[PDB]
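Read the structure below first, then the notes.
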Amino acid sequence: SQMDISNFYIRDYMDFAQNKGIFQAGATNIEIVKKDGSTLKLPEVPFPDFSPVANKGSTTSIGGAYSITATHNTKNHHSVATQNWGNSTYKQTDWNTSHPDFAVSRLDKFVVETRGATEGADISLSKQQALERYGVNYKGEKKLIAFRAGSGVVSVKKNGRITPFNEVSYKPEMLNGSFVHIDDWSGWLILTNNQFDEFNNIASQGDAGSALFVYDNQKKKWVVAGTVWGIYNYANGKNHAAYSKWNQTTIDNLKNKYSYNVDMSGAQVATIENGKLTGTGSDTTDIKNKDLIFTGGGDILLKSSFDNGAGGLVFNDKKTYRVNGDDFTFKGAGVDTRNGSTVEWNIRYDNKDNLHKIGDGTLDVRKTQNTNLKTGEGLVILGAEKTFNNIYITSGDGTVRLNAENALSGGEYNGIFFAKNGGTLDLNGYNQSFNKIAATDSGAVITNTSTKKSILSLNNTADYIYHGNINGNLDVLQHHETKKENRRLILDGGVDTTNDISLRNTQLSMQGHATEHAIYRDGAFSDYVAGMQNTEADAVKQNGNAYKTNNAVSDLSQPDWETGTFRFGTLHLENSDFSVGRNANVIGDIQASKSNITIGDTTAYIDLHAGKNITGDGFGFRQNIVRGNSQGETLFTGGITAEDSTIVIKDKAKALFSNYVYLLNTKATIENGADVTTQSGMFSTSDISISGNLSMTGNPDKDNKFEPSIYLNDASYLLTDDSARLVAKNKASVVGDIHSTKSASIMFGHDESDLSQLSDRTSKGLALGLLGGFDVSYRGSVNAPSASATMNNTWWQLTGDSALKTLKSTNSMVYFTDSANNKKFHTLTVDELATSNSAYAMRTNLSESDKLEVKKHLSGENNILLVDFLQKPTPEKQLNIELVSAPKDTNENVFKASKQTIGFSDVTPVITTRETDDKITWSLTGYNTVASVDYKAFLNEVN
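When the letters of the sequence shown are read in order and numbered with the authors' numbering, they come out as residues 56 to 580, 594 to 999, 1012 to 1023.
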């Protein structure tokens, strides 16, 4: 544990050993960011799972009740005589040692926290064979590189200067490691160079016994090469850690010595009474301190209580067994169900001791135990009411299935505690109510594999973060009778169902998870955490990253978060607050009533005990929520139906409304930097305020085309910022007035070059109906005198007096028309109009008309003026109705009279051009007679 912190952080070496930060088990292409900003690529291997390494580092699990270490630590060493993994304590019963310094320990219980490093390296391989079998690519070469972790006395080295932390040895929190080069493989001891390159961490006193791991090509599996014997220092600063090789036979002899085979092939019933095993092919009068290894299937009968000492119960074939015995009890190392064995457990485990379950098989518990389970592997069926008082699930490999009504216990957690990497609780058709789920990370899964639906109620009484997952066939419910402050439910793990979540009088946040890192000391305080912090105050000062050395598992200001994917059918909101914070990917529909929805909440939540929530012996839960500003990108995708609600989409948030949005008396706001795309239609009764980006498009089908979509606002689109952007394109029919005090942008239609096609789903009748042959229909007035509008391939049904700063119309029709109760003529007022290949269709009753007024600049070629004659003109009256008004220098050919009729008139307009001293104008000064509408067809006249 002598760490060169010249170009790396102390926490990097800790994260490495502890599978925290970037060093997740199995991860490839890991890059350590140096203090100088550049990157160090790890060797090309799936990163090792270091869970076999004991809390103190000097001992390592090799599976079951066995661990390996260094003989010269001694039988009595505090890290050998007692050995810990997670919240569990294990006592050494004895050990077997082989020269030079290799020790294998027999423990008193089956270790549930880890499968262990079950296999060793083949030390009989030659140099070259070993390089081929165990070599890994590093800086473009195959090298015999090994990985390891330990917690010998800590010191740090910066550019030569060593700073020791003499008290700091065997500190679980300080577990640290490195990848190292094996300089000597075939020699008497394996010799590793821990400073062969850059990530340099030399072994120090207390690292003795810690394991060396190498990666097997063929087995695709990390295996143990040896245990730390000692350390050599040579002239000119060279250094090796020396390793006592894995000795398979020392292991096998100890294992066999602590095993006793019981052959029940055909031999009816195994009976155990006061330490005597009868009725089998392997009868004896003890049988104590030995794993009983059962084969052949069948019944085990206790005629007395059975304390097997350090020995456990092992089942070693894919057969079924039954353990019966009055009200007698078992005590020992636990139950190891191997090779798919099924054990129907119909006795009680000792009431003052924890049952340890490992093995890939099944423990089917048929009666109430009145004691605790610790499980790490395979299946446990809870077949009785209150099967266990408490359950501790660790490592990720274990599953607990409810198979009875009322199967869990009471209290805040229902007696379920998910420790490191958790495991799966299968509700299996039964409903459960938790006040809180005591889970420490995202490895905790609550699910339901039954075809019968189950309901998971969460009733947390104060603020609380659930780190786990909710999967499978379950609905989620959080209902309170009154809405109170200070009991928010925060999900920062995940949800993955096709079912519903129901919220009533409550507050819910969905959120990503701040990645957990190693810390120096768990708890407050002379002070080594302060000293270590001061060693890197220079680096922190330079890189502005105080979170990195603050002795906190995570921090609101850190950049590394894990996305929370929340997939569900419908989220039902009744008088509730729903928030999506940073780094979420929410995928589902929302139905909201009297509710507040916030997408892009700047408040995020972190748990200062994340990853270390499970306390004591495994059956307590701690959590310390910190909250504050922490912005980051986030996503919602789906539909929303909202009544009497408010919706806010905030900065960095992207909302893809891929289903219908229905806003009934709901206040909707899209803020600066927020991005909303709606593609499956909308209805709104109230104003939508847009300071960011609202894009309204048709529905993209499977074949690169668009089904028309309708955007119906009975109120107004309010553009509330200079930076606002309202976009409609790709087969969208929009209805509703636009108002803006600001210099926002409006963009209707696809880009001139970039055409889009109709879905084969859509009949041509419907298409003409909603779009008039154009890409976009817009119906409403626009009063945004400072705003810019761009319209291409657009049908503007202009239904009221309108005002823009600048307007550009290419291949569009501005169609002046009426509504329910207008029936008045309208005026389009613009500072600058650039118009080409477009049509303007004005109505007239032969004295007034719709009118276009361009105040400052009118440019563009090839536009027609259509006139809807609402009354049949006669040859008597002198017509002289101003249709368009523009500045003097405008070219008269910008507009021409159409030779087509529009409306119910058989009459074509005659338009004449005039120059007053300040404005040129187009006036209707005559007419000509000709003896679901496709309005795009009109534009043929102007190509």
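We put the beta carbon where it would ideally sit given N, CA and C, even for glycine.
Same chain, Cβ closer than 6 angstroms to residue i, neighbours up to 5 away in sequence not counted
i	result
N761	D743 and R793
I60	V211 and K213
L901	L875, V922 and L926
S759	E739, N740, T788, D789 and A792
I658	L639 and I708
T765	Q747, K797, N798 and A800
For residue i: DSSP bridge partner residues
i	result
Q57	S210 and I257
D271	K276
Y225	None; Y225 has no bridge partner.
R650	None; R650 has no bridge partner.
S557	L532 and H640
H807	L786 and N851
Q865	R847 and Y883
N248	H236
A902	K876 and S927
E983	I988
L1019	None, per the DSSP bridge assignment.
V420	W400 and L437
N192	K197
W150	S160
For residue i, the nearest candidate out of the options (CA to CA)
i	options	result
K275	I327, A176, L357 and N308	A176
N316	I342, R695 and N692	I342
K475	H572, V283 and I682	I682
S811	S854, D530 and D452	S854
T714	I674, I778, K770 and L641	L641
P955	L357, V975, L947 and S927	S927
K491	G470, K373, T862 and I932	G470
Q73	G141, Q147 and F937	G141
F443	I413, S622, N409 and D452	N409
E86	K96, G92 and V935	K96
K873	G840, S813, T912 and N905	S813
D755	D712, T885, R690 and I693	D712
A493	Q566, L546 and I510	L546
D391	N905, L434 and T709	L434
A258	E950, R559 and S224	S224
DSSP-derived helix/strand/coil call for residue i
i	result
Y64	coil
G706	coil
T895	strand
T638	strand
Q610	helix
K508	coil
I448	strand
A999	coil
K680	coil
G833	helix
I306	helix
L794	strand
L823	coil
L839	helix
Buried or exposed by the 16-neighbour rule on C-beta atoms within 10 Å, applied to residue i
i	result
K680	buried
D70	buried
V1013	exposed
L823	exposed
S757	buried
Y287	exposed
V209	buried
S887	exposed
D957	exposed
7 angstroms Cβ shell around residue i - same chain, five flanking residues per side excluded
i	result
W301	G175, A176, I178, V279, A280 and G281
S153	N302 and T305
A620	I574 and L676
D869	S849, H894 and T895
Residues of its chain near residue i, where Cβ-Cβ distance is below 8 angstroms and the 5 sequence neighbours each way are ignored
i	result
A82	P101 and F102
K508	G484, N528, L529, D530 and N554
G599	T218 and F220
Chain C within 8 angstroms of residue i, Cβ atoms only
i	result
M58	No chain C is present in this structure, which holds just one protein chain.
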